[PDB]
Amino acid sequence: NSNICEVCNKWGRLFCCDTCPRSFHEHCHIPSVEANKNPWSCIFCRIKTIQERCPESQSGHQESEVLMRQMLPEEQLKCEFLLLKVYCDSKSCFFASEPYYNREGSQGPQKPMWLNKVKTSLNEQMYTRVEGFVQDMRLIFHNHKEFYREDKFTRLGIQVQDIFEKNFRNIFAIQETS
């Protein structure tokens, strides 16, 4: 197994996957690493198993169909993995915790949003459809663009949104387009 956390790239108290060489901090894995379960398989292994069981699940889909799916166990898992993929980028630190807004010439957003809040919402099964999760994720970056306006700090929102969007298209097998 790896000697660093797959998500945050630091050593510490790590839990090791039994089916691949990844390791995790307890609250870096999503969902949080399970108390018992020997063997234990991480979210990367669980996602690979879904595709292996149903190879046709990788054929191209329309985004509009994906968004309307109900959050059954497999879609819940895919959203947890997509959230994890955003936490795996170090620039996710800017969007993890509750923001505040006091900048000359800007007003804060109507509905603030952040990664930890989305993490809690997923854990408490508050989203009924994939659309709920995706809308909150996109809102994080949209609020950031709007608030920071012409400051070059707006680019962090662009960069982290690109990681989200790429991973969304991969995990949910969105039909490739020009």
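Each residue number is its position in the shown sequence, starting from 1.
- The PDB entry reports B-factors from which the mean C-alpha value can be compared for 104 to 112 and 84 to 92; the larger average falls on 104 to 112.
- Mean CA B-factor, 17 to 25 versus 157 to 165: the higher value falls on 17 to 25.
- Taking the deposited Cα B-factors for 127, 40, 148, 141, the highest one is held by 40.
- Across 69, 61, 119, 53, the entry's maximum B-factor at the CA atom is seen for 53.
- In the deposited entry, the Cα temperature factor of residue 34 sits in the top third of values across the chain's modelled residues.
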